[PDB]
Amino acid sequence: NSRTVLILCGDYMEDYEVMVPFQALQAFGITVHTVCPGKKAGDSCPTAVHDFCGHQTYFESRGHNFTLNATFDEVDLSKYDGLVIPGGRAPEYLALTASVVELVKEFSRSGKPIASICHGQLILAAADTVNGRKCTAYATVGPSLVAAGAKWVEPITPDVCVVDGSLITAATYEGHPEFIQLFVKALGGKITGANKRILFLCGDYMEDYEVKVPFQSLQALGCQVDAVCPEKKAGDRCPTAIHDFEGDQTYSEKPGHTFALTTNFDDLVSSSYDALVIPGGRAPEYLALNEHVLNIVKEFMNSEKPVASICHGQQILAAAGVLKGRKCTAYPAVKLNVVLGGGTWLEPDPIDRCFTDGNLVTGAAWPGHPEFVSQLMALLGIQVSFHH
């Protein structure tokens, strides 16, 4: 609305590092444009899934293909208030692209906020814009930054964020919450009403974006967000599924990042939470069989606390019988579940559209995260205002 941000994309950029800020910022009322040198709006970029399993370094597999909404060659920097540089393997080649270094230098020269994460900083080193600047980055980027005159800050923990003037840097996607918050503040944003506790009902193979994006978006606002899964405790990990449309009549599926739970399902007081969020994917169909899970849903629905479910997440609500006389959307196929549950179907067209029915916010698929998070924020009374 009152702010416009540009995201510098590239092939094999880290999937979370482009999508989380892309949708979170939009959810907060910021217009976001994505560009990649040599590509135009509508074109796609493959992404990389960099997971920290158990090797001496991260493992890589392919993530969701990312569709650009802007044309690099037609970029007018005077129209942008901030720049975001995702990590992944795109930075190393983007850093050697003349037009890219030029763009970053021009932006850095203006004093406008630049949020760079993980390997994204390689581009700042190439643009020679870190001399004497305090900054962190993925640990392996340290040598290059030091060589470029930076006041390097070794990331002691994966969530470390550093700030120098309007230059905001992070080491990994685990720092997204503070990373994004600092960027929003840098853009003159003021966050209010974020003192809330949110519970996420997770499970094996929930959709990769659908758990991470809303989870980190809410944490970025300052909310306390917990993730639980039956039979699993804090620290345990849940594998995720990347659902993407690649030309066939339905989506394809491949592994996403493993997601770490934060709270024990057993020791869980639902009355201690202000809202419930249900990621989509394949976890909902089996979680819907867990009576304890259904009880939690019924409680929030009865207490009339905000409940946000997306895509297949609605399968749990239907099983809980809390959809009778309620209006909501869901993944197209899930219409069966909604209608069978006694609910009123709302057509998810466009696919990124979300709906609010009293305390219930529903989305259809990951493209709808901006409205999903935005509408949940409205119900929780959380606001981001650009008045500073």
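Sequential numbering from 1, following the sequence displayed.
message: Using only C-alpha atoms and the B-factors in the entry, which stretch averages higher, 288 to 296 or 116 to 124?
response: The deposited B-factors put 288 to 296 ahead on the C-alpha mean.
- prompt: Which wins on mean Cα temperature factor, 238 to 246 or 104 to 112?
  reply: Per the deposited B-factors, the answer is 104 to 112.
query: For the listed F66, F355, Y58, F28, which has the peak Cα B-factor recorded in the PDB entry?
result: The C-alpha B-factor peaks, among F66, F355, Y58, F28, at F355.
Per the PDB entry, maximal CA B factor within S303, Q181, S144, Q314: If I rank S303, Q181, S144, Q314 by C-alpha B-factor, first place goes to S303.
Among modelled residues of the same chain, the CA temperature factor third for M19: Lowest third of the chain for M19's C-alpha B-factor.
field: Lowest, middle or highest third - CA B-factor, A220
entry: Its C-alpha B-factor belongs to the lowest third of this chain's values.
task: Would you check the entry's CA temperature factor for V269 and let me know if it's in the chain's lowest, middle or highest third?
output: Highest third.
query: If you rank every modelled residue in this chain by C-alpha B factor, which third holds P46: lowest, middle or highest?
result: Its C-alpha B-factor belongs to the lowest third of this chain's values.
task: Sorting the chain's modelled residues by C-alpha B-factor, tell me whether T362 ends up in the lowest, middle or highest third.
output: Its C-alpha B-factor, which the entry lists for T362, ranks in the middle third among residues of this chain.
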